[PDB]
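Read through the structure below, which is laid out as structure tokens, and then see the notes.
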Amino acid sequence: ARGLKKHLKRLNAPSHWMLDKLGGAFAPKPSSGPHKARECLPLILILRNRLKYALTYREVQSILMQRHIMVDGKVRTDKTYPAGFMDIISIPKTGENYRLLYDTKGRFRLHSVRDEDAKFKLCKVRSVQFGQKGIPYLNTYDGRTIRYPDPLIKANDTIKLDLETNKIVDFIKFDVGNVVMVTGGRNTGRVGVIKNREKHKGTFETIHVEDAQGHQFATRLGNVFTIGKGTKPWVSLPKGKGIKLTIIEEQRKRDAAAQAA
Amino acid sequence: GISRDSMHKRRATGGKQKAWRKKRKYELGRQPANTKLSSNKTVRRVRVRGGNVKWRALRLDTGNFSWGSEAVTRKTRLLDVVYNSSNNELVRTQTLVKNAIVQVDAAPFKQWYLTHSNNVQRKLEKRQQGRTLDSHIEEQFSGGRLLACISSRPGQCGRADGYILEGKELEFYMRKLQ
Amino acid sequence: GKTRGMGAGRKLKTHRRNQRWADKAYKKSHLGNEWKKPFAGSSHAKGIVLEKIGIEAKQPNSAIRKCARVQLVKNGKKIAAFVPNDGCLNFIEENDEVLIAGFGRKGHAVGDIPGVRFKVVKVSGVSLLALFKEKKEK
Amino acid sequence: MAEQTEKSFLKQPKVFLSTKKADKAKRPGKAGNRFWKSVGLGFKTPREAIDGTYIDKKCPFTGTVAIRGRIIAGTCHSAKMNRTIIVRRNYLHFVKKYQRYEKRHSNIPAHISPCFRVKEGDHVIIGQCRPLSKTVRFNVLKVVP
RNA sequence: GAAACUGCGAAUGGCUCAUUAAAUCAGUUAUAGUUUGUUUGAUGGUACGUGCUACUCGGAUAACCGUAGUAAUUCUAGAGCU
RNA sequence: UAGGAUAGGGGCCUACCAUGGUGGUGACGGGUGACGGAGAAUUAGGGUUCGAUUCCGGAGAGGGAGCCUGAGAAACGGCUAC
RNA sequence: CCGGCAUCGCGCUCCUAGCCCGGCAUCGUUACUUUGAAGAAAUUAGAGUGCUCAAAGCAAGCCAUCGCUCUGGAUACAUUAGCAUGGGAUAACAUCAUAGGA
Ligand SMILES: [Mg+2]
Ligand SMILES: [Mg+2]
Ligand SMILES: [Mg+2]
Ligand SMILES: [Mg+2]
Ligand SMILES: [Mg+2]
Ligand SMILES: [Mg+2]
Ligand SMILES: [Mg+2]
Ligand SMILES: [Mg+2]
Ligand SMILES: [Mg+2]
Ligand SMILES: [Mg+2]
């Protein structure tokens, strides 16, 4: 190709969008933004698909041009805007607030939060280093660059960021013994506790994690995102508290729930 | 035009390589600048990838030269090119490239070294404690010029910058100019 | 006996590669001489009737097998095509377009007709079947 | 010296030789000292590279090249080039139909820093760098005779 | 508000499979070997004043109006404005 | 080895120097009625054959070649030449 | 079925480090095997669901089938190569008689 591609064909769209294969030839093609477009959830799907607030393409545009939807504290009128993990979507007109979090099956879910727990987010640091005139600054994994961080915050750690003041308010030091929610691979959605980290010089670091219900698993460093200090997490969990289960467990769940109805 | 792809090359086995493509613009080269050393300075801009600019210098006269042990950098003139390790015909053509050997007017350096009342002499005397100025530089000074090496790419940045030869390097190029 | 070594995969694979050429079907499909045949790897071909000849049957039989010599439009080759039915030769006229197919047996002569592996199936854009069964006329 | 055998005086980038206030303990490549680096990945900088006089822009330990990518191990196959060798990797390729194996090989050019000495048929460990010539993308880090 | 200057886009999409057999391509790497409109976050002193808190405002072109050429074309010349 | 060129590595190209590099583990050449893959048909198992075609990657716009604009084209519903 | 030891178990400063104590890292490599990660969708297999059945599709089902409830949109296969983990039988390749051994 002689340049950038602007269409996303529906069969090539991410599998966790759950777009149906006969519903057209194209998919929304998330615009560039603070998330990598293969791990984001555009606003078209948040409004039209999940929340069923709109029935068509153009209805979503009619919603956005009216400045209702607010993403992480600012009003975003772009229709394919790449909202992502741990963002907040707010509709003040309905006074309703959602944190984007994973479910155990690896798909984004809009977990309702309160207005208290919507003025802040958590963000993992990509790196820390100096800038022009010796000023230190840190990178997040969603584009944000903060200058003059606490000189302790190192790479791969977590920070709490108030949306009002837009500065840090606390942080978690990435290390063994903290709760972490996996954001990639087959284990995405599963929360757990860091039990082991094994280094490998020249390759990816691997993390070994143990769920609260005992199930043990592992991932690589880039796919782990600490939530809280100690066993208690700092943010709300969705319908399942990040606990993966076998297919037989949910078969039992359906049939056992089929006797009360 | 001039191209930087590997397609026209033979494989490492020596087998010929068939053309499966036309020439792509991200593969281009341009003709060189062979910056001459002349008075009428001309440096001509080039629009290159990304919308950026390179400065092709066609003709340069002055330069910026550093004297390392004395930690001073001054603007001066270029008098000639005397040795080029790639091709002599570049010397015969007085063409400036990186790593060419040039002679330099050296007067701005001489006037800096002329420097270095009561408090002024209590500083000239602070210095001159470590004055060495090996005789090889001194002789060149009395000649009037310094041998220098270009450390910049004139056809790339549009400038002739460099340093004066010292120590092992200076003596090596001296014995080669013999 | 057969090579059986663990490190003998090259020997077995190269041996099968060499020996498959001894098989007439493999060699027939992988040697390329089918593109030199009249039809050039086609099921059917159109032609112009040059003349009507008529051929005897081999020894155990006795009859005249009525065939038309055709010239293939695509390549100008000259072949003989059997005209299958009683009286269907009288539909064939001189210099009319005719659609020819194979006889079965994939290029090998069928039955008691010597050296004929083609059959006439359409004339003047109309089936021999419809002309022999009176469903359509030309 | 022994290094200066070519039509231009060869020197390490970014070391100022004719320094004024020299020293013997500042850091590699400071105050005129010869520059050396540790490659990483558990390899040890050869002493002959440390106190060496050779100048090699492409050496892993004293030149400008970085080692990153794959770490292949093989046996030396040819040492008849200037500062470059051909190594053989020997390996088994599985033939699936026959459920068996066959022996295959690959020739990898790799740059050899003067700090090593290689015969023909020594065990070599090579690490990947940026393309150094038309065919070379690897650098020798260890030689076991 | 039409027209017109300015800006942007037209390098995506659609079609085909001719050339191409370590090539393309697939899994897997690398950039400490680079470019990247745009999105998103952060950021931005000194231009001369002998650095002693800023120092003045251009002409010219379309749409228009009008004299033409050529057989001819989003072929074209000259003049009046802004 | 030193340069030049490029957005950048690199015989990519120039000057000088050395004599190498691939090959019965099949190089080099030839055929392909050969774009590669995801896949398709038949399948006890093992296999055999197919894959121009809607998804991914590549390539081309009558055949070659050269370019301007631009962040991005060696563009063809752009230009120049044969 | 396996962990944890003890027999006549070449060591540790450094990471994990029990209340003097298990379970420590480089001073032979591989094939093989075990487990894991990372592996596009569509296709294939396959869970759920009465498009009236089916080929399909990814829906839908309940509410008082009343100012809405419960939702789903699983899971698996993926030869070879590459990354990591345990095993050390089987088989390769390297190799203690110059003691230049510890
Ligand atoms: Mg296209
Ligand atoms: Mg878009
Ligand atoms: Mg047969
Ligand atoms: Mg170079
Ligand atoms: Mg073809
Ligand atoms: Mg074809
Ligand atoms: Mg395509
Ligand atoms: Mg093209
Ligand atoms: Mg045509
Ligand atoms: Mg063209």
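Virtual Cβ from ideal backbone geometry, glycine too; neighbours counted across all protein chains shown. Please treat every number below as a calculation from the coordinates, not as lab data.
Can you sort A:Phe174, B:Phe65 from fewest to most other Cβ atoms within 10 Å of each residue's own Cβ? Provide the component values of the computation, followed by the final result.
On the way: A:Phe174 22, B:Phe65 28.
Neighbour counts put them in this order, fewest first: A:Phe174, B:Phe65.
Return the average number of partner chain Cβ atoms within 10 angstrom of each residue Cβ along peptide D:91-101.
Mean shielding by partner chains, rounded to a whole number: 4.
Where does each of A:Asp115, A:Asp72, D:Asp122 land when they are ranked from fewest to most other beta-carbon atoms within 10 angstrom?
Ordered from fewest to most neighbouring Cβ atoms within 10 Å, A:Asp115, A:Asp72, D:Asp122 come out as A:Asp115, D:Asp122, A:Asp72.
How are the Cα pair distances of the range B:50-178 distributed, in percent, across 10 Å bins from 0?
11, 40, 29, 13, 6, 1
Under a 10 Å cutoff between Cα atoms, tell me which one of A:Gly185, A:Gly131, A:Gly143 has the largest fluctuation in the Gaussian network model of chain A.
It is A:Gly131.
Residues of B:82-95, mean number of Cβ from any other protein chain within 10 Å of their own Cβ, rounded to a whole number?
Details: counts 0, 2, 2, 4, 2, 1, 1, 0, 0, 0, 0, 0, 0, 0.
The shielding value for this peptide is 1.
Just tell me which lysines come within less than 26 Å, Cα to Cα, of D:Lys97; anything on the same chain fewer than 8 places away is out.
Correct list for D:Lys97: C:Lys2, C:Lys11, C:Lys13, C:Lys24, C:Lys27, C:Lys28.
Sum -39500 (n - 2.57) across every DSSP H segment of at least 4 residues in the protein assembly as shown, then divide by the residue count to get the 222 nm mean residue ellipticity, nearest 500.
Calculated mean residue ellipticity at 222 nm is -3000 deg cm²/dmol.
Springs between alpha-carbon pairs under 10 angstrom, Gaussian network model over chain A: which of A:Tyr53, A:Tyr81, A:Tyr98 fluctuates most?
A:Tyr53
Past 19 Å, Cα to Cα: identify those pairs from B:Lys22/D:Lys134; D:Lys7/D:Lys80; A:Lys124/A:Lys173; A:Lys119/A:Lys160, in the order given.
B:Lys22/D:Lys134; D:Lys7/D:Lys80
Stokes-Einstein at 4 °C, 1.567 mPa s, Kirkwood radius from Cα pairs: D for the range B:74-124 in µm² s⁻¹?
97
How big is the equivalent ellipsoid of chain D along its three axes, where each semi-axis is √(5λ) from the Cα gyration tensor, reported in whole Å from largest to smallest?
Semi-axes (√(5λ), whole Å): 36, 15, 12.
I need to check one value: relative contact order of chain D, counting alpha carbon pairs closer than 8 Å and at least 6 residues apart, in percent.
Relative contact order for chain D comes out at 19 percent.
With an 8 Å Cα cut-off and a minimum separation of 6 or more residues, compute the relative contact order for the range A:167-261 in percent. Can you show the working numbers first?
Values: 143 pairs, mean separation 25.5, N = 95.
Across the range A:167-261, relative contact order equals 27 percent.
Is the range B:32-92 rounded, prolate or oblate when judged by the Cα gyration tensor, a ≥ b ≥ c being the square roots of its eigenvalues, rounded requiring a/c under 1.5 and prolate requiring a/b larger than b/c?
Oblate is the answer for the range B:32-92, as a/c is 1.5 or above yet b/c matches or exceeds a/b.
Normalising by the residue count of the range D:58-97, find the relative contact order in percent from Cα pairs under 8 Å and 6+ residues apart. Numbers along the way, then the final one.
Details: 26 pairs, mean separation 10.1, N = 40.
Reported relative contact order: 25 percent.
Considering only A:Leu41, A:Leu64, A:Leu245, give the residue with the highest GNM mean-square fluctuation for chain A, with springs between Cα atoms whenever their separation is below 10 Å.
A:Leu245
Which net charge results when you count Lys and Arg as +1 and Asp and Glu as -1 among the other residues whose beta-carbon is under 13 Å from that of B:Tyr83? Kindly include the intermediate steps, with their values, before the conclusion.
On the way: positive: B:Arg92, B:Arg175, B:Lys176, D:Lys7; negative: B:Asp80, B:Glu89, B:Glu169.
Summing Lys/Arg as +1 and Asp/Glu as -1 gives +1.
Which percent, nearest 5, of DSSP beta bridges in the protein assembly as shown are antiparallel?
95
Would you tell me the mean number of C-beta atoms belonging to other protein chains that fall within 10 Å of each C-beta in D:4-15, as a whole number?
3
Please report the net charge: other residues with Cβ closer than 13 Å to the Cβ of D:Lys58, K and R +1, D and E -1. Spell out each step's value before the answer.
Numbers: positive: D:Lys57, D:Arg83, D:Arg130, D:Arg137; negative: D:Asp56.
The answer is +3.
For chain A, state what percent of all Cα-Cα pairs lands in each successive 10 Å bin, counting from 0 Å until the bin that includes the largest distance.
Over chain A, the share of Cα pairs per 10 Å bin runs 6, 26, 33, 25, 9, 1, 0 percent.
For the range C:41-90, just say rounded, prolate or oblate: build the C-alpha gyration tensor, square-root its eigenvalues into a ≥ b ≥ c, call rounded for a/c under 1.5, and beyond that prolate if a/b exceeds b/c, oblate if not.
It comes out prolate by the Cα gyration axes.
In Å and from the alpha-carbon atoms only, list the Rg and Dmax of the range D:1-69.
12.9, 40
Among A:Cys40, D:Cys129, C:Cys88, rank each residue by its count of other Cβ atoms within 10 Å, from fewest to most, as a rough exposure measure.
C:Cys88, D:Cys129, A:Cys40
Rounded, prolate or oblate: which one fits the range A:151-261, using the alpha carbon gyration tensor with axes a ≥ b ≥ c (rounded when a/c is under 1.5, else prolate when a/b beats b/c, else oblate)?
Taking the square roots of the gyration eigenvalues as a ≥ b ≥ c, the range A:151-261 is oblate.
Across chain C, what fraction of all alpha-carbon pairs, as a whole percent, falls in each successive 10 Å bin from zero upward?
Answer for chain C: a P(r) of 11, 32, 25, 13, 9, 7, 3, 0 percent.
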